[PDB]
Amino acid sequence: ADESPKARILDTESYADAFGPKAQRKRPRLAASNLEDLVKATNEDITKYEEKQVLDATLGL
Amino acid sequence: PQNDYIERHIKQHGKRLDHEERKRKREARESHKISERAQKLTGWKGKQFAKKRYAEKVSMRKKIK
Amino acid sequence: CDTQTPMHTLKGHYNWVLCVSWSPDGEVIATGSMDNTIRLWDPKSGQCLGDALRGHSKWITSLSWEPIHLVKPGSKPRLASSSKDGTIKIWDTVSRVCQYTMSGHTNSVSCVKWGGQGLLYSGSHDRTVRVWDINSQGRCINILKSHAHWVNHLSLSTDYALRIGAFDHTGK
Amino acid sequence: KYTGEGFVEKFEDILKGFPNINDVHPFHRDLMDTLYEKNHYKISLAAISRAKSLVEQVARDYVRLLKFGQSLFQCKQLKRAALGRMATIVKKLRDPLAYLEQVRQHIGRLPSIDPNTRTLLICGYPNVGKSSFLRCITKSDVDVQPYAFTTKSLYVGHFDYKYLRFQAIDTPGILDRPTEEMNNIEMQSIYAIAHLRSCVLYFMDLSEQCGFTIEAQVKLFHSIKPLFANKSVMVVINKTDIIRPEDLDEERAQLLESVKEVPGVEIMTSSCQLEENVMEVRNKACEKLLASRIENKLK
Amino acid sequence: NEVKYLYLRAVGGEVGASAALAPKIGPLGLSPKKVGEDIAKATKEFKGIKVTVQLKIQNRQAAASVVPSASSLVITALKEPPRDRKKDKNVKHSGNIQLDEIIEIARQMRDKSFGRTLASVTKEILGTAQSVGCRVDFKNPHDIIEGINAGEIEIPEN
Amino acid sequence: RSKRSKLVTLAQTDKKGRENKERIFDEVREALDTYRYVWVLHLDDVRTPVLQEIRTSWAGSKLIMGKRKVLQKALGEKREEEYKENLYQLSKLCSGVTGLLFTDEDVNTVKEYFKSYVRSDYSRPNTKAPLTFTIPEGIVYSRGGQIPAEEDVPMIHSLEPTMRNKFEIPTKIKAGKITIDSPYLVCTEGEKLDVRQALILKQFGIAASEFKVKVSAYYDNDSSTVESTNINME
Amino acid sequence: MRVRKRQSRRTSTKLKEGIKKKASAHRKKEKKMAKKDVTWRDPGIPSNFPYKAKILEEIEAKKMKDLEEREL
RNA sequence: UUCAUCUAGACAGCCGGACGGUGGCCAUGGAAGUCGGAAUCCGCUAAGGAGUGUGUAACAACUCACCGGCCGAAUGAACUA
Ligand SMILES: Nc1nc2c(ncn2[C@@H]2O[C@H](COP(=O)(O)OP(=O)(O)O)[C@@H](O)[C@H]2O)c(=O)[nH]1
Ligand SMILES: [Mg+2]
């Protein structure tokens, strides 16, 4: 097989530490490299969301 | 309202004037209420109440130990 | 191994002997145990050199030696040790001291490797790999973060030469 | 069959109610990922779905087995076995159910932000007066306290300018740190700035009552400079009743000119005790946003 | 005039550490930039080490001094290289501090101590050293304490 | 059945027993032989830092506290059970919170220290009011107008039920701040104070009363007689 | 105020005889299990008695006498 | 029934103390006994947890663990029927 299954995140971090009164998560697991890459990714996501919205507005709406 | 608005309201206006006294008297009444429930509940609800009481006593003894 | 018979017994530790290692010049055996201690042994006499190395608050996970080609002549190689407590300790066996105690890992350190370019590579259960500089008072040069789980093991391209030192297959 | 249907309908009520994190708008997706850890979110909902399928399978298998029961004792044993297997499946969901109850309670209180309407975004360092400006221009109940990070989440207010509805977004403060050591609270503001095409108002305190120097504020502005691309930008100097931009140092005036160098920002002075000035700056921000949106629609 | 006393915990050597003093300073009207500069000047000896800073305010002035503390003095005598929050995190304190420097710290902290003996003050400092996790004479600080109790270690001043 | 149930707490400190009283007994009877002057001191409602300051200033002497009955039993209740001659008068002079001061320092020095030693203390119930306190109208501040209100941090909102119920002060919450409609006089100077007034004064932090250690008498080893000191016994 | 149906306490002959048979079967099974199973098989003086010291003195004297009554 | 406490003071109650190094170390925007992770020491004590809970953005404040003052004679716990 060329690819491995995804890592089981529950082994390292539990639901309680993920969110809730006893949550110990304060930073993102994978922070962005820099603000330029962040805004490029968000612009790409906006474009893809608009394309998908048009494609579903063609039929479903 | 947005975010933790009930907590903000408690911070800004407090609670009802007799909240603490009412809560204290209810917690004082809880022992009589538990005894009356044990002697009054019948059937499946009574059996479940007895089973839960046994489990709670076992857990408390384990915590003390 | 010539006669397939026992030769020496080393019974200094108190708990399980988790890891053993031989010096790259072949002079001394270093054993790290479950009792959070490290011991050094002369193999020819089957004897213990001084007292145990102490300071780790958890059991030893891996032992590595300083390479012979980086060790200056007239001195003995140093010993890097990792442990469950998340710290890497460097021991000078000549004076039987601890020189550096690196502590950057937030979790248990899986393994430590003393490379051939004067660096140390540590892998730990905090999903990171820390590259420390021995020449700079044990300051972490780099932090590599690309794994989503515990890094169980790490290996270097020159590990065979680092473990073999100056000896070859002819045993000269 | 009845017990299986009850479990399945509870699971379906759980699964239909919760939003699809991937399907929502990218702003909502990033905000919910910051708040609730999207990986745990999807894993918990998938565990619910798997439990639903397993309960259905157990019900079908044991009804088929009960077709061949030969006595009351055997049929009772088969029914108890089916209910016990369902109960074991449900007991294996203790942690995801608690996580989902907490997430439901938190997500029910999130403010409604339309990422397509007209938006005045407010940003800057802590203790500069963002919440006070939101109080002045809207009727939101955001707290105003003289210590850092009084506000830990996005707050929304509304107003009307030229018969048009505008929303104003107050954000938790941003610190001048790299994104690797940036935390979730600041990531809320970063995502709001990156996603909401709007008019951004960066608030500066020249009196250093905020605990941050003017140089630090200028550095933060130039660091978050790449964020507001293709958006209206404006710099507002708050707390002018304590210190004015006119009687500042020459080096700090050079810093302000460095700020003004970035196109096409404009510098406006204001005080949160000054109704006329806060109304003027609100009107200017609305005018810039309206001009930008209409010029974009005209093409 | 009257003297106002304020106490804070600030990292030694870091400029602009008086940001947390802004709610306190605000009503008095002092300049936070000058307060931070004075704190940085006063904490030049300790670098990368959390210290207790005392500010005295009179008329329109601000003077900064460092109040000695057991953990801060132990960290200073531990002689560790300065660290950065960007680079170094979760740093342990597991070095060695000799008994002579421990006794020096005890002498420094003796003035505001209710112990009647320099031995008692030294045992307090050794308890603090055990808390921070360092070693004394290549031994446990509690082992040094037990040696003092058994009488092997004689504290010089009486 | 039908009994009160005792509350169960999981703490780290266990109760003391008869062994502690035995140790105090033995220490008192050893100090009686070791030292020369035994003073009886009254230290009612003393703060522990103040007591530790007294102990530090009396380096080389001994101050022994504990149960009054235990101390009297150590000194000997009557003449047929006294540890030393004429010690029953000193034993019966104990009253309330009694401290035994064993020393070899001069009587004049001890008297001078205990006449020149005084510390500021919270006003106690059933004591004379050292001042007149009135909370001003408007927002209630933490000091209650003793210092300027601009300097003072406003009173935290969490104490409002305590002020309304326990302190019987009519308070309201406006925008998260404790407020009163009119100024509230709590204590008048030169007037006996009850528990509620003492609690209000302690909550606002007013400390105008003074603590002076009382010296009842002392016993000398060589003379074997008790001499009354009558120090701070007004 | 709607009173429910009360359960009858009139004895049923069939139930009584069946209870007799069930009790006899239970006793037989208990005897069999007690004979079959494998399991390993003097509170002293009560503390509230007043003359415990006298009882203890008497039993000590009896022990001291019986120590030598068999020897000589 | 068996264990414990008790006029060198029983169960309740009220009042006072409840300290010092110390805001112990790491981490946190902030975290000072009380979101967390590991040490959990020493001094002075009558006694006082590197803290049992409420509380704060953090402190503050209250509380109980423990000790003492007033009161003065029995009381508590675990089992069995
Ligand atoms: N004099 C003055 N003080 C202000 C002004 N704006 C805010 N403040 C003060 O700044 C403190 C903190 O402001 P805050 O609303 O929390 O700003 P934020 O943290 O950026 O949202 C408050 O105590 C206000 O009294 C202003 O325009 N003038
Ligand atoms: Mg704010």
Side-chain angles (χ1 to χ4, degrees), chain A residues 17 21-24 26, chain C residues 57 85-86 103 106, chain D residues 126 143 145 147-150 152 172-173 175 177 183 185-186, chain E residues 7-9 19-20 23 50 52 69-71 74-75 89-93 106 109 112-117 119-134 141-142 145, chain F residues 4 6-7 9-18 20-22 24-25 44-52 55-56 63-74 77 95-99 122 124-126 142 153 155-159 162 166 195 198 202-203 205, chain G residues 43 46-48:
Chain A
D17 301 330
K22 306 300 178 184
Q24 296 304 319
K26 303 194 68 180
Chain C
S57 54
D85 53 14
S103 303
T106 81
Chain D
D143 201 13
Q145 297 284 350
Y147 57 85
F149 291 106
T150 303
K152 299 193 186 188
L175 290 176
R177 299 187 311 176
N183 54 5
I185 305 179
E186 294 163 356
Chain E
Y7 292 88
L8 62 80
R9 288 278 287 182
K50 187 76 65 58
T52 302
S69 297
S71 69
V74 166
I75 293 304
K89 281 289 203 297
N90 319 88
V91 48
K92 296 287 183 58
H93 300 288
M109 297 298 297
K112 299 173 179 176
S113 176
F114 287 130
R116 83 197 70 174
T117 318
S120 67
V121 184
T122 309
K123 288 192 295 186
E124 287 183 342
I125 298 301
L126 288 165
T128 302
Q130 178 182 358
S131 74
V132 311
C134 61
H142 191 272
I145 285 179
Chain F
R4 178 177 174 173
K6 304 165 66 69
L7 297 184
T9 63
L10 303 184
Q12 288 291 334
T13 299
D14 293 328
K15 273 175 183 178
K16 272 71 186 179
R18 189 174 175 81
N20 196 79
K21 291 179 295 185
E22 291 177 34
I24 297 169
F25 187 95
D44 294 13
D45 302 326
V46 63
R47 308 200 317 263
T48 304
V50 180
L51 208 60
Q52 292 168 349
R55 293 178 180 268
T56 299
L63 189 57
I64 291 181
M65 321 279 287
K67 273 185 172 181
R68 178 185 57 86
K69 311 293 290 184
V70 177
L71 296 185
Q72 290 186 187
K73 199 67 174 297
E77 165 72 17
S95 187
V97 183
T98 305
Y122 288 133
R124 300 304 174 177
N126 312 128
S142 61
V153 171
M155 182 83 80
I156 191 60
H157 58 278
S158 306
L159 293 175
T162 300
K166 169 176 279 291
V195 192
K202 187 175 173 183
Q203 182 66 53
Chain G
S47 301
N48 295 115

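Protein chains get the first letters and strands the later ones, always in sequence-line order, with residue 1 at the start of each.
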statement: A correct 5'-to-3' footprint of nucleotides 24-33 of chain H, with B, S and - meaning base, sugar-phosphate only and no protein heavy atom under 4.0 Å, is BSSSSBB---

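When the rule of centres under 5.5 Å and planes under 30° is applied to the neighbouring bases of H:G51 and H:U52, their six-membered rings do not qualify as stacked. Adjacent nucleotides H:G36 and H:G37 meet the stacking criterion of ring centres closer than 5.5 angstrom and planes inclined by less than 30 degrees. Stacking of the bases of H:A77 and H:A78 is indicated, with six-membered ring centres separated by less than 5.5 Å and ring planes inclined by less than 30°.
South is the pucker assigned to the sugar of H:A50, its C1'-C2'-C3'-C4' torsion being negative. Using the sign of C1'-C2'-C3'-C4' as the criterion, H:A8 is classed as north-puckered. A positive value of the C1'-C2'-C3'-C4' torsion places the sugar of H:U45 in the north (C3'-endo) family. Its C1'-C2'-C3'-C4' torsion being negative, the sugar of H:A32 is assigned to the south family. Pucker annotation for H:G37 reads north, on the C3'-endo side, since its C1'-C2'-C3'-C4' dihedral is above zero.
Shortest non-hydrogen contact noted between E:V121 and E:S113 is CG2-OG, 3.6 Å. Scanning both residues, F:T56 and E:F114, for their nearest heavy atoms gives OG1-CD2, 3.4 Å. Between F:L63 and F:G99, the shortest heavy-atom contact is CD1-C, 4.4 Å. Smallest separation of non-hydrogen atoms from D:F149 and D:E186: CZ-OE2, 3.7 Å. F:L71 and F:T98 get closest at one heavy-atom pair: CD1-O, 3.4 Å.
Pairing check for H:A78 against H:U1: the Watson-Crick or wobble criterion is satisfied, both distances under 3.5 Å. Here H:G49 sits opposite H:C64 as a true base pair, Watson-Crick or G-U wobble, both distances under 3.5 Å. With both atom-pair distances required to fall under 3.5 Å, no Watson-Crick or G-U wobble pair links H:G29 to H:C3. For the criterion of Watson-Crick or G-U wobble pairing, both bonds shorter than 3.5 Å, the nucleotides H:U45 and H:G20 do not count as partners. Between H:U5 and H:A27 there is no Watson-Crick or G-U wobble pairing whose two distances both come in under 3.5 Å. No Watson-Crick or G-U wobble pair joins H:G30 and H:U2 with the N1-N3 or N1-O2 distance and the second distance both under 3.5 Å.
Contact annotation: the side chain of D:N183 approaches that of D:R177 to within less than 4.5 Å [non-hydrogen atoms, C-beta and beyond]. Side chains of F:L51 and F:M65 form a contact here, defined as non-hydrogen atoms less than 4.5 Å apart. Between F:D45 and F:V97 the shortest side-chain heavy-atom distance does not fall below 4.5 Å. The shortest distance between side-chain heavy atoms of F:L159 and F:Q203 falls below 4.5 Å.
In terms of position on RNA chain H, the residue among F:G66 and E:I125 whose nearest nucleotide sits closer to the 5' end is E:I125. Between F:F25 and E:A119, the residue whose closest nucleotide on RNA chain H is further toward the 5' end is F:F25.
Note on E:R116: a side-chain N or O is less than 4.0 Å away from OP1 or OP2 of H:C44. Taking only side-chain nitrogens and oxygens, F:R68 comes nearer than 4.0 Å to OP1 or OP2 of H:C70. Contact annotation: F:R18 does not reach the phosphate of H:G9 (side-chain N/O to OP1 or OP2, under 4.0 Å). Within the structure, every side-chain polar atom (N or O) of F:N20 is placed at least 4.0 Å from both OP1 and OP2 of H:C67. The side chain of G:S47 places an N or O atom within less than 4.0 Å of a non-bridging phosphate oxygen (OP1 or OP2) of H:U2. In this structure, F:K16 reaches the H:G48 phosphate: one of its side-chain N or O atoms is under 4.0 Å from OP1 or OP2.
Applying the side-chain hydrogen bond (donor to acceptor under 3.5 Å, both in side chains) test to E:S69 and every residue at least two apart in sequence or in another chain returns E:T52. Taking the side-chain hydrogen bond (donor to acceptor under 3.5 Å, both in side chains) definition, one finds that A:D17 meets it with A:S14, sequence neighbours left out. Shown here are the side chain to side chain contact (heavy atoms under 4.5 Å, CB included) partners of F:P49, two or more places apart in sequence or in another chain: F:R47.
When heavy atoms are screened at a 4.0 angstrom cut-off, A:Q24 is found touching base atoms of the nucleic acid. Using a 4.0 Å heavy-atom distance criterion, A:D17 is classed as making no nucleic acid contact. Heavy atoms of F:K69 sit under 4.0 angstrom from at least one base atom.
Look at H:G9: its glycosidic torsion is beyond 90° from 0, and that puts it in the anti range. In this entry the base of H:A38 is anti relative to its sugar, with a glycosidic angle more than 90° from 0.
Pairing partner, H:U40: none, since no Watson-Crick or wobble contact has both distances short of 3.5 Å. With a 3.5 Å ceiling on both atom-pair distances, the Watson-Crick or G-U wobble partner of H:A61 is H:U54.
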Pairs under 3.5 angstrom, nitrogen or oxygen only, protein versus nucleotides 12-18 of chain H, please.
from  : atom 1 : to     : atom 2 : distance (Å)
H:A12 : OP1    : F:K6   : NZ     : 2.9
H:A12 : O3'    : F:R4   : NH1    : 3.4
H:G13 : OP1    : F:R4   : NH2    : 3.3
H:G16 : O3'    : F:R124 : NH1    : 3.1
H:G16 : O2'    : F:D45  : OD1    : 3.4
H:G17 : OP1    : F:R124 : NH1    : 3.2
H:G17 : OP1    : F:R124 : NH2    : 3.3
H:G17 : OP2    : F:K202 : NZ     : 3.4
H:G17 : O3'    : F:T48  : OG1    : 3.1
H:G17 : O2'    : F:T48  : OG1    : 2.9
H:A18 : OP1    : F:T48  : N      : 3.4

Could you run down the sub-3.5 Å N/O contacts of the protein with nucleotides 58-60 of chain H?
none

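Comparing the P positions of H:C44 and H:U52 gives an interatomic distance of 25 Å, to the nearest angstrom. The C1' atoms of H:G37 and H:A31 are separated by 14 Å, rounded to the nearest whole Å. Across H:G43 and H:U34, the matching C1' atoms stand 24 Å from one another, rounded to whole Å. On the P atoms, H:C14 is 35 Å away from H:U80, given to the nearest whole Å. Comparing the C1' positions of H:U75 and H:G13 gives an interatomic distance of 16 Å, to the nearest angstrom. Of the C1' atoms belonging to H:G21 and H:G69, the separation is 30 Å, rounded to the nearest Å. Taking atom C1' on both H:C71 and H:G23, the two are 42 Å apart, rounded to the nearest angstrom. Taking atom P on both nucleotides, H:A10 is separated from H:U63 by 23 Å, rounded to a whole Å.
For the atom pair NZ (D:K152) and CG (D:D143), the distance works out to 12.0 Å, reported to the nearest 0.5 Å.
We find that CD of F:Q52 is positioned 10 Å from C1' of H:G48, with the value rounded to whole Å. Atom CG in F:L63 sits roughly 14 Å away from atom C1' in H:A47 (whole-Å rounding).
A donor-acceptor pair under 3.5 Å is absent between the side-chain atoms of E:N90 and the main chain of C:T106, judged by distance alone.
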